[PDB]
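These notes are about the structure you will find just below.
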Amino acid sequence: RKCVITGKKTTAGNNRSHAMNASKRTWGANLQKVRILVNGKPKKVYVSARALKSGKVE
Amino acid sequence: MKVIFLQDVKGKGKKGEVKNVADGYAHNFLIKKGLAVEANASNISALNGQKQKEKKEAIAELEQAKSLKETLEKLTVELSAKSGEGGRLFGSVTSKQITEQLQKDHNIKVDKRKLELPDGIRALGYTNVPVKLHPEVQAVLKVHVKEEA
RNA sequence: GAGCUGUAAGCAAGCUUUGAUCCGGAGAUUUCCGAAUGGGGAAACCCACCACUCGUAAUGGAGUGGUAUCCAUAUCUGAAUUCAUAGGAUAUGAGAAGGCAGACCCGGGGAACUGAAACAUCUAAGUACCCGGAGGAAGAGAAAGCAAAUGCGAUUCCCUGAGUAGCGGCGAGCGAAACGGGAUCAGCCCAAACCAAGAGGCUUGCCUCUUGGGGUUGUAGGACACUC
RNA sequence: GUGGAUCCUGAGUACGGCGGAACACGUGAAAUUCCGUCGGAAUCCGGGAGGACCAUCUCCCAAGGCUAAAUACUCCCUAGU
RNA sequence: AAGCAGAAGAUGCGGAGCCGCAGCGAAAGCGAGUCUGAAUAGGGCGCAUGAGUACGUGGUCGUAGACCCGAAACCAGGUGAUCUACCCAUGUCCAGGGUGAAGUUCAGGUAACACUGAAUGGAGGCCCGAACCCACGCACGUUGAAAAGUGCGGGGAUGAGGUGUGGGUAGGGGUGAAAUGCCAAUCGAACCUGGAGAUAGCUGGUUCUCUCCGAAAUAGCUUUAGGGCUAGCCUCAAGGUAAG
RNA sequence: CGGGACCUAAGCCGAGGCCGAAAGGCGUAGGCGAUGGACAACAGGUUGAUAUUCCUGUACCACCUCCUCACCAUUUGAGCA
RNA sequence: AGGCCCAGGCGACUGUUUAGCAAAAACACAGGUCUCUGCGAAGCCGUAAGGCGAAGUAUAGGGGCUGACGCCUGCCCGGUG
RNA sequence: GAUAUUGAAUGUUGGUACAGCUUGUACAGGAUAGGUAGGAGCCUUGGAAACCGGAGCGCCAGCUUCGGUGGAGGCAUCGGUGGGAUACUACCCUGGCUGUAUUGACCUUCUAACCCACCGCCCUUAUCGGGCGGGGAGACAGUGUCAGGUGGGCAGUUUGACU
RNA sequence: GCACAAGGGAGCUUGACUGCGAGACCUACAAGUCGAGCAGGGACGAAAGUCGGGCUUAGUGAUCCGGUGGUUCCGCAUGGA
């Protein structure tokens, strides 16, 4: 589960609430399963939104 | 993102109506329908080239046409047609007769619609025939008719 | 260079000065399982297909080789769908899976007991553990750096700085850097701009697409013109 | 080596708001860096840093890549303590 | 010091670096003065009554497990449904006797089936009772034959039934006709290895001899009362020295 | 004869594939998996240990001709499934 | 190979349970009742796929309370859902 | 709930690039005076005076305007006012409106993406998925971020001493 | 303890001041209490002389962290902040 174009994957980190508790948390990626012609043909794979805007064609 | 429209958005925009078109919807619709094309350096340069080419073509087409057309139109042309007593002409030389005259005499090759004459000359004299050489420029043709035999 | 066919007594029988046993260098062979790879599998078990060979009058049977998956190149096919693709078939592939040493290291996850005489921030600690990769070392590395002087010039590691600054329920506790002195010593290529050739698109006289020539810097450098 | 007619010097990136992590640094005035979202620059007449920030000054050209040497370890081998 | 040459050494180079000789003030800063202060005033800290530095022995302290043994417990990674709980697929077992439903046929009988009586009937989480299963009342055993039994009697025994084989549910969990029950003789949170030599203001132990001196069980504080700091009491060394 | 060169349930494995920090989980095709289904031997003796396996008789199941035989057919053409 | 009778309490009954102290008045049971759910049901397992519900479709499936059969479940919606 | 995935309209309320212009008195006064320069002149059949309706303003003084009937004269330096003179160029935003394109938001209908646990074909002996073709909704939902409310379902803890 | 007022009244005033402070009590520590006297301005009083809160003992709790006013202070190169 990562963007095929760039190395964008699910990262991890803490979740500091009031009193600075240290509950563990995960950070996802805003990626969608849209059609892109990464190869000679379209494949409908995951791709990051940040990379989708003004980037590779759909 | 910016696009080079190929057809109407709110009216035919083949001239490249550069705009901002909601990149998502822009891509989806314009690409699925071919309504436009990406506004990159290559496509922009191609559009500019095609546009300047057609502009110069039209400019030349109008320039070459107006000049000699008017210059020659400033000449005198004459023909002959029988007439009766009392000046009652036996016929009338319409635009078709004048077109045939200019085609067989001077070889001007002007369309019968571009050169029109509704009054239907019935007089045995001289007359100036305006012409729609250009939507903004026009010239007259000094036509003449005289008795025959 | 004269005892030796082990530990291990032997009982028996044999090899050795044409040179044994023995020592070292390079080789042959290496049943089955095992990443195990033809299929299955209760590890060392069972069952096959295609070729060559043995044998029977035939089956039946037996010996050698090939027959997993992923990935790269190429060839033939190539449905919905008309071309075309997905997909299928074939040949090349010291390519690759697995542990290893209970160690060193790069990164992703990631605790609690404990201490604070309780305890939640904090400490424990990015420790243990788990995961993926290689090397003999790995990481880093030639300043968009330090530094504030008639200034040093890639990283790395050692002594100092220093338990000083600073951080901290300003608690417990945590903890530097640079200068300085040392061990070593090496700096280099690409993109960009421009130019030669060709290809496709006609961006129709313009555009990018590929190999090559090119140049790499902050006293700014390169292209361009020229001197070399 | 000479000139600044003209061109280039690494973009969805440097950074910014939001929620985190590591830098001795616990969000504190918090520089610098990495992260996941959105916004988004100049490009030499330019840009970054000097522990918030601004002007002068000083140093350097990031968003491309490689680099042995001094460094850590021993499962094992040879010799010796 | 690092480091260089040197037998893993001593030695030589290496003054990079640290401490003292000047202190005061938070700091600018001043300087045997300085700070405070309006102020030659007064007072705080110092000199004038200079001695520190580097090694080695010993006492003590702080960080490492830190005096030796001792937990219950916590986290991470793994093994377990061959016992037991439930579920799934497929087989197997229930000797004998009794009861007698619905229904069906016939007879009576009503205008008509309603209704009654005879014949077959063999349903039942039916009855009594073997194998099998569960243990409920009592005795023996409790260093037993057995880390949960035996002897007598007891309940169910054709439907919520017992049982063989194979398979699934693995702990911050599963299962449970539900008791805090079972999960390999361990379960209010299974077992193995690591963190880990966890921590323990708690108990126990702490190994040769002589000699000089010689206490306490008291005050304050304390998330503290069986703990800890200061003071009180003891000892060792150097000074004032005759103050007690 | 109990099982393998016969089939299959639960369940597991599982190309491709879908998911997910990694490790990995799910699952199509396909295949494993009897505790099921189909399958050809029975009756008398033998030794100290084996026996519906050895000996003595009668038999059965699957398959091929070196031969044997009768049938059809060699293209509305036998035969196989 | 049955001791029986009189009378009351508890539980409609048969069944299940604290292996290894308590077999019961405990649990469940058929029944009643309230509530949720219109089908990619709701609920549940799982980070997500993928699955149970269910090769079901409101007379069907889940959750709570009471437990056959005869009579009834009376008042209060101020407080909390 | 905001944002990316995720836009097209019909109307709609602000602001931009074009546009349309009007609001102005302390009194003195014939009055409604804001000034700074140019100022001895201007409109008049492309028509005075008067008349009436409507639009606007307002310190209710009144003015202006536009719609038009009626038609040959109105206005102005100069006479006086007071701090400052009335005809043409402008501004100070005191004052309200309409049109075109973007611009952002509000509330409306459509479809393009997104979905498919709806189908037909092929991949393919496949109830997985994935390409095509129809239909269903559709800027929704799902997904990643940020925030608010609920949350013993779950986790780490605390609950003093003298007596 | 106060009748020589510390108790009652009448006038003027704010010493209910600023820097200090020889030396003492109490105290494990922190802390608390008295204080003649010096200097700068004052009040009362002709003067002397008194006034650094109440006739005297309880009327109040630290550190850290925050807020307000004044500063010959410092301010990560320079000048500011």
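Residue numbers start at 1 in each chain; chains themselves are named A, B, ... in the order of the structure tokens; ligands are numbered from 1 in the order shown.
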
* Could you give me, as a PyMOL selection string, the residues within 10 Å of range 66-70 of chain H, counting only C-alpha atoms (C1' of nucleotides) and dropping anything in the same chain fewer than 5 positions from it? => chain H and resi 49-55

Please identify all polymer residues within 12 Å of residue 104 in chain H, counting only C-alpha atoms (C1' of nucleotides), omitting same-chain residues fewer than 4 positions from it, and present them as a PDB file with N, CA, C and O atoms (P, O5', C5', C4', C3', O3' and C1' of nucleotides), in the first residue's frame.
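Listing of around.pdb after writing:
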ATOM      1  P     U H  13     -30.187  38.270  -3.807  1.00  0.00           P
ATOM      2  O5'   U H  13     -29.359  39.028  -2.673  1.00  0.00           O
ATOM      3  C5'   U H  13     -28.251  39.864  -2.979  1.00  0.00           C
ATOM      4  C4'   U H  13     -27.096  39.589  -2.047  1.00  0.00           C
ATOM      5  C3'   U H  13     -25.890  40.509  -2.176  1.00  0.00           C
ATOM      6  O3'   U H  13     -26.054  41.740  -1.493  1.00  0.00           O
ATOM      7  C1'   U H  13     -25.163  38.263  -2.115  1.00  0.00           C
ATOM      8  P     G H  14     -25.167  43.018  -1.902  1.00  0.00           P
ATOM      9  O5'   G H  14     -23.701  42.652  -1.395  1.00  0.00           O
ATOM     10  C5'   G H  14     -22.581  43.433  -1.787  1.00  0.00           C
ATOM     11  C4'   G H  14     -21.303  42.930  -1.163  1.00  0.00           C
ATOM     12  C3'   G H  14     -20.016  43.362  -1.849  1.00  0.00           C
ATOM     13  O3'   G H  14     -19.594  44.657  -1.460  1.00  0.00           O
ATOM     14  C1'   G H  14     -19.947  41.034  -1.426  1.00  0.00           C
ATOM     15  P     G H  15     -18.969  45.668  -2.542  1.00  0.00           P
ATOM     16  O5'   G H  15     -17.605  44.973  -2.978  1.00  0.00           O
ATOM     17  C5'   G H  15     -16.501  44.900  -2.088  1.00  0.00           C
ATOM     18  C4'   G H  15     -15.318  44.232  -2.740  1.00  0.00           C
ATOM     19  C3'   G H  15     -14.935  44.772  -4.111  1.00  0.00           C
ATOM     20  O3'   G H  15     -14.109  45.921  -4.036  1.00  0.00           O
ATOM     21  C1'   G H  15     -15.077  42.416  -4.209  1.00  0.00           C
ATOM     22  P     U H  16     -13.585  46.632  -5.378  1.00  0.00           P
ATOM     23  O5'   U H  16     -12.460  45.646  -5.926  1.00  0.00           O
ATOM     24  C5'   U H  16     -11.701  45.989  -7.075  1.00  0.00           C
ATOM     25  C4'   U H  16     -11.214  44.767  -7.813  1.00  0.00           C
ATOM     26  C3'   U H  16     -11.133  44.906  -9.325  1.00  0.00           C
ATOM     27  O3'   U H  16      -9.931  45.530  -9.743  1.00  0.00           O
ATOM     28  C1'   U H  16     -12.204  42.865  -8.762  1.00  0.00           C
TER      29        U H  16
END

* To do: Please report, as a count of residues only, each residue of chain B to which DSSP assigns helix (DSSP H, G or I) when run on this structure's backbone.
  => 57

Once you count only C-alpha atoms, which residues of chain A turn out to be within 10 Å of chain B? Could you give them as a compact mmCIF listing (two decimals) with C-alpha atoms, in the first residue's frame?
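The resulting out.txt:
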# COMPACT_ATOMS: atom_id res chain seq x y z
CA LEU A 52 -1.48 13.62 -8.85
CA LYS A 53 -1.93 17.39 -9.09
CA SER A 54 0.08 18.74 -12.03
CA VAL A 57 -1.46 11.96 -16.61
CA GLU A 58 -4.48 9.92 -15.56

* Asked: Residues of chain B in strand (DSSP E) according to DSSP, as a PyMOL selection string?
  -> chain B and resi 2-5+19-20+36-38+79-80+126-131+139-146

* Within 9 Å of residue 45 in chain A using only C-alpha atoms (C1' of nucleotides), minus same-chain residues under 2 positions, as a list in words ->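 Counting only C-alpha atoms (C1' of nucleotides), the residues come to residues 3, 4, 32, 33, 34, 35, 36, 38, 42, 43 and 47 of chain A.
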
File of the preceding selection, N, CA, C and O atoms, as a compact mmCIF listing (two decimals), in the first residue's frame:
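Saved as result24.txt:
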# COMPACT_ATOMS: atom_id res chain seq x y z
N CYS A 3 2.23 4.70 -2.89
CA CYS A 3 2.18 5.32 -4.21
C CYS A 3 3.23 4.69 -5.12
O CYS A 3 4.39 4.53 -4.73
N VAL A 4 2.82 4.35 -6.34
CA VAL A 4 3.73 3.71 -7.28
C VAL A 4 4.77 4.71 -7.77
O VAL A 4 5.91 4.34 -8.09
N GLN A 32 -5.37 7.31 -3.95
CA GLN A 32 -6.59 6.82 -4.56
C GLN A 32 -6.28 5.84 -5.69
O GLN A 32 -5.21 5.90 -6.30
N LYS A 33 -7.24 4.97 -5.97
CA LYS A 33 -7.06 3.93 -6.98
C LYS A 33 -7.65 4.41 -8.31
O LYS A 33 -8.69 3.95 -8.79
N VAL A 34 -6.93 5.35 -8.92
CA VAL A 34 -7.34 5.94 -10.18
C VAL A 34 -6.53 5.30 -11.30
O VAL A 34 -5.49 4.67 -11.09
N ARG A 35 -7.02 5.47 -12.53
CA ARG A 35 -6.39 4.87 -13.70
C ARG A 35 -5.25 5.76 -14.18
O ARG A 35 -5.45 6.95 -14.44
N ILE A 36 -4.05 5.19 -14.28
CA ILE A 36 -2.88 5.90 -14.78
C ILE A 36 -2.10 4.96 -15.69
O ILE A 36 -2.07 3.75 -15.46
N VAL A 38 1.04 4.27 -16.05
CA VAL A 38 2.42 4.17 -15.57
C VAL A 38 3.25 3.36 -16.55
O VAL A 38 4.38 3.73 -16.90
N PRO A 42 -2.85 1.42 -19.09
CA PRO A 42 -3.39 1.78 -17.77
C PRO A 42 -3.51 0.56 -16.87
O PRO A 42 -3.69 -0.57 -17.34
N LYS A 43 -3.42 0.80 -15.56
CA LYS A 43 -3.43 -0.29 -14.59
C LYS A 43 -4.35 -0.06 -13.40
O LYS A 43 -4.65 -1.03 -12.69
N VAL A 47 -2.13 5.96 -6.14
CA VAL A 47 -1.30 7.12 -6.42
C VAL A 47 -1.66 8.22 -5.44
O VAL A 47 -2.83 8.39 -5.08

* **Selection: 10 Å around range 27-33 of chain D, only C-alpha atoms (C1' of nucleotides), excl. self and same-chain fewer than 5 positions, as an MDAnalysis selection string** => chainID D and resid 22 49 51:52

Go ahead and write the residues just picked, N, CA and C atoms (P, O5', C5', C4', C3', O3' and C1' of nucleotides), as a PDB file, in the first residue's frame.
ATOM      1  P     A D  22      11.555  11.783  19.982  1.00  0.00           P
ATOM      2  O5'   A D  22      12.849  12.011  19.084  1.00  0.00           O
ATOM      3  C5'   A D  22      13.468  10.922  18.417  1.00  0.00           C
ATOM      4  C4'   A D  22      14.571  11.391  17.505  1.00  0.00           C
ATOM      5  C3'   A D  22      15.637  12.259  18.156  1.00  0.00           C
ATOM      6  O3'   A D  22      16.623  11.502  18.833  1.00  0.00           O
ATOM      7  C1'   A D  22      14.919  13.272  16.145  1.00  0.00           C
ATOM      8  P     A D  49      17.462  30.319   5.572  1.00  0.00           P
ATOM      9  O5'   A D  49      18.901  30.174   6.241  1.00  0.00           O
ATOM     10  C5'   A D  49      19.377  28.909   6.673  1.00  0.00           C
ATOM     11  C4'   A D  49      20.768  29.005   7.249  1.00  0.00           C
ATOM     12  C3'   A D  49      20.970  30.055   8.330  1.00  0.00           C
ATOM     13  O3'   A D  49      20.553  29.611   9.609  1.00  0.00           O
ATOM     14  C1'   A D  49      22.715  30.208   6.740  1.00  0.00           C
ATOM     15  P     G D  51      22.870  32.962  15.403  1.00  0.00           P
ATOM     16  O5'   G D  51      21.787  31.920  15.931  1.00  0.00           O
ATOM     17  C5'   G D  51      20.561  31.722  15.237  1.00  0.00           C
ATOM     18  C4'   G D  51      19.444  31.352  16.181  1.00  0.00           C
ATOM     19  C3'   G D  51      19.583  31.907  17.596  1.00  0.00           C
ATOM     20  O3'   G D  51      18.296  32.236  18.113  1.00  0.00           O
ATOM     21  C1'   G D  51      19.480  29.553  17.685  1.00  0.00           C
ATOM     22  P     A D  52      17.628  33.655  17.765  1.00  0.00           P
ATOM     23  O5'   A D  52      16.083  33.319  17.586  1.00  0.00           O
ATOM     24  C5'   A D  52      15.609  32.686  16.407  1.00  0.00           C
ATOM     25  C4'   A D  52      14.104  32.661  16.359  1.00  0.00           C
ATOM     26  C3'   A D  52      13.466  33.410  15.200  1.00  0.00           C
ATOM     27  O3'   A D  52      13.443  32.655  14.001  1.00  0.00           O
ATOM     28  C1'   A D  52      12.384  34.009  17.211  1.00  0.00           C
TER      29        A D  52
END

Interface rows for chain A against chain C: nearest pair, Å to one decimal, 9 Å, only C-alpha atoms (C1' of nucleotides), as JSON lines:
{"residue": "A:11", "atom": "CA", "partner": "C:108", "partner_atom": "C1'", "distance": 8.8}
{"residue": "A:12", "atom": "CA", "partner": "C:109", "partner_atom": "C1'", "distance": 8.5}
{"residue": "A:19", "atom": "CA", "partner": "C:121", "partner_atom": "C1'", "distance": 6.7}
{"residue": "A:20", "atom": "CA", "partner": "C:121", "partner_atom": "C1'", "distance": 6.3}
{"residue": "A:21", "atom": "CA", "partner": "C:121", "partner_atom": "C1'", "distance": 7.8}
{"residue": "A:41", "atom": "CA", "partner": "C:85", "partner_atom": "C1'", "distance": 8.1}

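Checking B:41, B:65, B:30, B:60 one by one against chain C, counting only C-alpha atoms (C1' of nucleotides), you find the shortest gap at B:41.
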
* Structure fact -> note - CA of residue 62 in chain B and CA of residue 47 in chain B are separated by 22.5 Å

* Separation of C1' of residue 139 in chain H from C1' of residue 8 in chain H, in Å and rounded to one decimal -> 11.4 Å

* Asked: Residues at most 12 Å from range 3-6 of chain I, counting only C-alpha atoms (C1' of nucleotides), excluding those fewer than 2 positions away in the same chain, as a PyMOL selection string?
  -> chain I and resi 1+8+54-56

Keeping only C-alpha atoms (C1' of nucleotides), take the residues you just selected and write them out as a PDB file, in the first residue's frame.
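Dumped to again11.pdb:
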ATOM      1  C1'   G I   1       1.130  45.033  82.858  1.00  0.00           C
ATOM      2  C1'   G I   8     -10.556  58.550  78.574  1.00  0.00           C
ATOM      3  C1'   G I  54      -1.693  49.518  67.293  1.00  0.00           C
ATOM      4  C1'   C I  55       0.030  48.246  75.986  1.00  0.00           C
ATOM      5  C1'   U I  56       2.790  42.896  74.427  1.00  0.00           C
TER       6        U I  56
END

* Asked: Hey, what's within 12 Å of residue 40 in chain D if we count only C-alpha atoms (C1' of nucleotides) and toss same-chain stuff fewer than 4 positions away? As a list in words, please?
  ->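 Counting only C-alpha atoms (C1' of nucleotides), the residues come to residues 11, 12, 13, 14, 15, 16 and 17 of chain D.
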